[PDB]
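One chain comes next, on its own, written as structure tokens: the form deposited in one PDB entry.
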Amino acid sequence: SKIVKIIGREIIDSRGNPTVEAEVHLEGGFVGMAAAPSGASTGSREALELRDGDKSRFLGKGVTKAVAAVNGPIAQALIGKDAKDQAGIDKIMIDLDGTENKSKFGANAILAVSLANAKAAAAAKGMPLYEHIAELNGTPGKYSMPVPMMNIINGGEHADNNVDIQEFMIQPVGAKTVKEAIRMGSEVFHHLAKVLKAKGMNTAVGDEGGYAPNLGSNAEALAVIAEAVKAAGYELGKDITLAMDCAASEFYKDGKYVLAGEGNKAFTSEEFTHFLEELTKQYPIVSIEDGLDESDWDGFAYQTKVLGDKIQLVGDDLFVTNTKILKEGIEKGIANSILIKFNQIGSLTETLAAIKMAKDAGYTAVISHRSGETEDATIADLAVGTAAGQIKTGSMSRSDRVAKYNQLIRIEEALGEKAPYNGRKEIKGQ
């Protein structure tokens, strides 16, 4: 199914910043279209998106250069090529970019084209993208509906309150389908607004569609959620479990961990993990992301020891979707899970490779959104088509989040029990 035309354009993301969209058109008229979510334009360990830095446009966040890469050199190198050969398409772009971190064309240029191509190929085969991804994965007809961790309360750098933990999430583990899991998420989300209103707190939303109210402490955060869950008529632990993202690099000071929100007690790697431990016995927190700084490997080894058999330990900043760090982390015994952000690597073939590496080590792969998203719902098809088992795609508001939940509903409607919702058991240590 030969590529005949590829159209790159600058559109706007969920935060109002430019990103790259690509359309890939094939002989026969098949078309696929995808957009890159927001990434990093600087950084040493991840694929870099290309920003223009022209201060007279979008405050320097233009993507006209990445768009020109798509329309010119990338397109020209792909015209006449077989869209079905995803590995081959991805390879052409990676080789032509010629850098290790995709910094010449931008991870934004290459990823948009990678995903649009996969979509066009699925169309040429008369199948949904999730079906085509399973085929690309060498696992045809193997699916699941992912268990979502839904943002609900934000702290740390993601708010202006006295909560130290960056986000608390809910997971509707007791649902029997993803449709039911979405409904439970929605109900708790609305009951949470009522609870915050009743305390005269703010219910405006952040980038990921959750609340960032003026909570006095971490414990106040956990308490309002527990209250919302009960108000919604569910039981914490059985129906709904808790996940968190510490973003522990944020309070890492000269080898120690300082949590202002709590007496400023400045913990050692060791004491911070027992502190987390204490939360996990007090609340059904079953997943902790970036529970220590990403350089603090000897500390992570300790956390993985203490909590690893009981609790999901997710690397985001820790791994940044980088198989070299992941490989190294598996052998050392660091964490048990990994956040998968396809823009941190930059192609669908490399993404499939990262997921497979995790899986092969018994690590869980959590398919993740970014802070800056679009209406694009590719990660829904990705989570299902790789049977990853878990998704992190936002709260139950903002269409940049809820488009993904909607696509999951559509997919489950088509697949039924061919894509089981496995609930609690997807979560590492559960």
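Basically, rigid core = biggest C-alpha set you can superpose within 1.5 Å across the two forms. Residue numbers run from 1 along the displayed sequence.
Omitted here: the form deposited in another entry. The next part is about that form.
Have a look at 263, 141, 72, 80 and give me the residue whose C-alpha moves 2 Å or more between the shown form and the other one, with the fit done on the rigid core.
Everything else stays below 2 Å; the exception is 263.
After fitting the rigid core, is the C-alpha of residue 242 off by 2 Å or more between the shown form and the other one?
After core superposition, the C-alpha of residue 242 moves less than 2 Å between the shown form and the other one.
On a rigid core superposition, would residue 154 pass a 2 Å threshold for CA movement between the shown form and the other one?
Yes; that C-alpha moves by at least 2 Å between the shown form and the other one.
State yes or no: after fitting on the rigid core, is the Cα displacement of residue 60 between the shown form and the other one at least 2 Å?
Shift at residue 60: below 2 Å after core fit.
Closer or farther apart in the other entry, the C-alpha atoms of residue 41 and residue 96, for a change of 3 Å or more?
It is farther: the C-alpha separation of residue 41 and residue 96 rises by at least 3 Å in the other entry.
Given that the CA-CA distance for residue 41 and residue 23 shifts by 3 Å or more in the other entry, does it become closer or farther?
They are farther apart; the C-alpha distance rises by 3 Å or more in the other entry.
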